[PDB]
Amino acid sequence: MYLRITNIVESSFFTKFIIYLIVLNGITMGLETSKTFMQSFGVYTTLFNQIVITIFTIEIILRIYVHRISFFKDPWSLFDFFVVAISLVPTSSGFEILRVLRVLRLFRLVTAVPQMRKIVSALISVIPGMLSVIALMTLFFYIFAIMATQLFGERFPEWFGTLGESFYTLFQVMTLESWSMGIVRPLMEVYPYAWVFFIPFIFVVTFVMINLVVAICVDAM
Amino acid sequence: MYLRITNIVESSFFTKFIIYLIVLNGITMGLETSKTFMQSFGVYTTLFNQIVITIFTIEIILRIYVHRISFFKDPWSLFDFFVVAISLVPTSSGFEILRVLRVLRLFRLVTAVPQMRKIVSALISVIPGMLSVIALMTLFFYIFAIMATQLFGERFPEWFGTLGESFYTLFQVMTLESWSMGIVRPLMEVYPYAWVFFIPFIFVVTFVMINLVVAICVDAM
Amino acid sequence: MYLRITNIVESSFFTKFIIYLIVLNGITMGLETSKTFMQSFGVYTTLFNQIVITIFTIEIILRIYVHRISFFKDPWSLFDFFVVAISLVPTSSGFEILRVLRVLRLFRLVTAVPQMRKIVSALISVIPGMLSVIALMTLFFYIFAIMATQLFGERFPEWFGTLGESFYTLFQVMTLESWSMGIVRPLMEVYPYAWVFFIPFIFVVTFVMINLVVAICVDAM
Amino acid sequence: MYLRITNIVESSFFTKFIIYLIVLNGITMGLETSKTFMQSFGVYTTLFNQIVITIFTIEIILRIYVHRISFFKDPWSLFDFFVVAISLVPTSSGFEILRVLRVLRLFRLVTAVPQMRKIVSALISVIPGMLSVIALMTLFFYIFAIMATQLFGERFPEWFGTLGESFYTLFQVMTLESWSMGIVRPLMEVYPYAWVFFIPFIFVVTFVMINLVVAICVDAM
C-alpha cells in the first residue's frame, strides 16, 4: 500500500487541500478573537478546530510513512511536526500558553507554500555569518550587564537591581528607546558620571549593528 | 477635428499651462489654510477652485479622446482621472473626507512633470521585489497579533483587547516607539514573562527589515 | 607690491598662523561659555576676540587682492567672507543672534584645513543626486501637511492648527519620535481612523528614506 | 630554562587552561551578582577570585619573559596586562570603580580566543577610515554646543546651562530620542524659532551618519 498512499501524499490535490485548510483555519483564528463571534458561531469554530488538527495528524502520519527517516531530518516537516504536537496537547492541563501557542500552526503556510520557504530560507542562511559578531555582542551585554547591576542596582532596583533586570534595560538602551529622558537623565540625578558608562555602550553597540548590517549587504552581493 | 484637438493636447502650451495651474492651485491651497486669508480673499480662492476643476475636467476629457482606450491603461492618466473625479464630488453630501482628498490633486504635479515620474517610477519598481517578504511579515504580524490579543487583551484593552488594536500596538513596537517604557514594562507588571513575547518579536521584525534593506541596495547594484 | 603680498598670503607661515588662531579662538569660545571664567579672565578673552576678528579681516582683504574675482567665486573663501562679516557687525544693535552666529567662524577650520575640505566636499557632492527625491518628499509633506491642518487643526491646535504647525509635527512623525504614544493614540481618542492617515504616511516616508540611503551607497560604489 | 617555560606558555594546555578559567571566573562573576548566592557560596567565590587573579599574574609574567619587548607591543597582550593590573589594585582604597572594572577581565576571552580576535580586529580596522568624518562631526557638535549653551542655557539650565550639558543634550537629539516632545516643543514655549536651530542640526547630523554608513558598506565592497 506504500505507493498507494505515497501517491496520495505526493499528489497535488493533497497539498492544495492542506494549504486550503491552513488559510481556512487561519481566518477562523482571527474570528475566534472576537468575543461576539464566539457568542454566535462559537461551537461551529471549536469543532472546526478539532477537525483540522485531526486531519493534520493524519497528514503528518502519512508523510512520515512516505518519508520514514527522511522526515525527521527535514526542517520544514520537523516544524510541522512540533507545531501539530502542541496543538494536540489537551485544551486544559498546565498553562494556556500551549493553548495560545497553537496559533503557531498558521506558520504551516510558510512550510506548505514554496516561495515562502524560499524567503525564509534565504533570510536564515544569513544567520550563520553573524554568529561571530552575535557572540561578541552577547559577551558585551553580559559584561556591561554585570557592571550595571553592581553600579546602579542598589538605587535603581527596577532597571538594574538584577542581572536580568540589567539585561532588559541595556537592551532597551540599545534600541535607543527613552534611553536619556527615561533612564540616563534620572540615573545622573544620583550618579553624575553614569553618562560615562552609557554613551560608550551606545557607541560600541551602535557601531557593531552598523557593521553587522554592512556585512549582510556586502556578503550577499 | 481629432488631429485638430490632438495637436492642442499634444502641444507644449497645453502641458505648461496645466503645470502652471497645478502650482497655482497648489499655492492657493496653502492659503485656503489660513483662517485669516479666508476672511479676505475667501471667495476669490473659492471661485478660482471651481474654475481649475473645470479646466481640469476639460483637459482630462480632451486627453481621453486623443487616447481612447490607451488613456484608461495609463497609470498616470488613471490617477489624474480618479483624482479629478473625487474633486468633482459635491462640496457637501456624505463626508468631508472627499472634501479633503481634493488636495490629492497637487499630486498631479508628479504626473504632469517628467523627472518626478522617473523617481516615482523608480521607487515603485522596487516594490514587486519585496512582496515575498512583505507577505511573510504580514503573516507574522497576523499570528503575533492573534496571540497577543488572547494573552494581554483582557488586562490591557487599550493596546491588545482587539485583533486590530493588537495590530496597531505591534506596529508601534516595530518602529520601536515607546515599546519598553510605554508598553512592555507596564505589561510586565502583570505578566513578568511578557519580555519573552516581545524581544523575539523585535528580533525577527528587525532582522527582516534589515534584510529587506539589503535587498533594495544589493539588487540596485 | 602685489607679488610681495601674494608671497605672504600664498606662504606657509600664513596659513599655519591662521589655522593657529582658529584653534586658539576656538578654545576661547568654549571658555567664554563659563560664567566663572568670565568673572576672571573676562576681558582678556573679550580683547583677544576683537584682535582675532581684525587679523581675520586683514587676512580676508589680502586674499581678495591676491585673488581678485577668483575669490568671490571660491565657495570656501565666500564662506570665510560671510562668516567674518557677521563677526564684524557691532556687538550691540538688532538681535544677539548675530552675536551668537559669530561662533560660526570655528567652521573656518574646515576651510583652512585640507582633508576637512575633502570630506565636506565629498559629502556635499552627494546632495545633487538627491534633489529629485528631496523634491518629491517636500511635495509629499506639503500635501499631507495641508490635509492634516484641515483634518485635526481644530481639535489639536498645538500640533496641527497651522500649516507650519503641521509641518513640524509631520516631521516628528517621520523621525518616529513619540508618534504613537505622543501624537496618534491621543488623536484617535477623537478621530478613530487617524491611523489610516498616519500609518501610510509612515510607510511612504520610510520607504523613500530607505531608497535614498540605498542610492548614495550604490551610486558611490 | 627559557625554552623550558617557553614550551609551557606556547603549549596548548596552557591556553586551553587559561580559557577554561576565563569562562569559570566569568560564570562565577554572574553569581557574585546574586545577593542570595553571596550569603551561601559567598567566600567560596571570593577565594576563587584571588586564586584566578594570582594564576593570571603568573601567566602574564611567563608570557612577558617568553616575549620580552614583543609583549608590550602586542595590543592584545597590553590589554591583558592592563586588565589584570586593575584587578590587582586592592579591594579597598580610592573608589570601587576599579572594583567594578575588574569584570573587564572577562574581555580576556576575546584575547585568548581566536576568531573573536578576527571580529574585533575586523571591526576596528574600519575605525581609521572614519576619523576624518568623526573629526568633522565633533567640530560640529562643539560649535552647536557652544551656540545652544548661549541660546538656551539661561532658561533651560538642565539641558543647556553648560557646554557639557549641551553636549549631552545634542547627542540625545542625534539619537533622536525624545527630541521633539521632550526637548524642542518645550523649548519653543519660550523660543518660538528654536526649530530653526534643531531641524537643520538634525538634517546635518543625520546626513553624515547616513554617509558614514555608506562608507563602511562601500569600502568593504
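For clarity, chains are labelled A, B, C and D in written order, and residue numbers in each chain start from 1.
Quick note on the criterion: contacts are C-beta pairs under 8 Å (C-beta built on N, C-alpha and C of every residue); 3 or more make two chains touch, one makes a residue touch a chain.
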- Message: Please tell me the distance, in whole Å, between the geometric centres of chain A and chain C computed from their C-alpha atoms.
- Response: 44
- Message: Report the inter-centroid distance (CA atoms only) between chain A and chain D in whole Å.
- Response: 31
- Where chain D touches two or more other chains at once, by residue number: 176-178, 182, 213, 217, 221
- Query: Mapping chain-to-chain touches, which pattern fits: line, ring, star, complete or other?
  - Reply: ring
- Each pair of chains that touches is included here, namely A-B, A-D, B-C, C-D
- In the complex with chain B, residue positions of chain C that touch it: 132-133, 135-136, 139, 142-143, 146-147, 149-151, 162-163, 176-182, 195, 199, 202, 207-208, 210-211, 213-215, 217-218, 221
- Residue ranges of chain D in contact with chain A within the complex: 26, 29-30, 33-34, 100, 103-104, 106-107, 109-110, 115-116, 118-120, 123, 126, 168, 171-172, 175-178, 182, 213, 216-217, 220-221
